[PDB]
Amino acid sequence: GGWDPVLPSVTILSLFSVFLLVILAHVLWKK
Amino acid sequence: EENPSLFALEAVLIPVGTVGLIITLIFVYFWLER
């Protein structure tokens with residue numbers, strides 16, 4: 001109790017970007 | 001009349017680019033088979 005900070009939308013979008021990036025690097029690495 | 005700020009938005013900067021390349025790559029893998 002005392003106003004807890006909440007993560008922003010930019011951070012979530014950033015996370016999704018990194019994850020998708022890992023998919024691209026994984027497919028090219030395994031190719 | 002429109003603004004270029006929204007055209008260079010975040011979705012075009014990384015998610016659209018990665019999603020497109022990822023979909024194309026997985027399709028390429030399926031085509032190759034082995």
# chains A, B, ... in the order shown; residues from 1 in each chain; ligands from 1
$ residues_around --residues "region 9-13 of chain A" --least-positions-apart "4" --cutoff "9 Å" --atoms "only C-alpha atoms" --output "ChimeraX atom specification"
/A:17-18 /B:10-11,15
$ closest_atom_pairs --of "chain A" --to "chain B" --cutoff "10 Å" --atoms "only C-alpha atoms" --output "tab-separated table"
residue	atom	partner	partner_atom	distance
A:10	CA	B:10	CA	8.7
A:13	CA	B:10	CA	8.1
A:14	CA	B:14	CA	8.6
A:16	CA	B:15	CA	7.4
A:17	CA	B:15	CA	5.5
A:18	CA	B:14	CA	8.8
A:19	CA	B:18	CA	9.4
A:20	CA	B:18	CA	5.9
A:21	CA	B:18	CA	6.1
A:22	CA	B:18	CA	9.4
A:23	CA	B:22	CA	6.6
A:24	CA	B:22	CA	5.3
A:25	CA	B:22	CA	9.1
A:26	CA	B:22	CA	9.7
A:27	CA	B:25	CA	6.8
A:28	CA	B:25	CA	7.8
A:30	CA	B:29	CA	9.9
A:31	CA	B:29	CA	8.2
$ select_by_dssp --residues "chain B" --states "alpha helix (DSSP H)" --output "PyMOL selection string"
chain B and resi 10-13+15-32
$ atom_distance --atom1 "CA of residue 8 (chain B)" --atom2 "CA of residue 15 (chain A)"
18.9 Å
$ atom_distance --atom1 "CA of residue 12 (chain B)" --atom2 "CA of residue 31 (chain B)"
27.0 Å
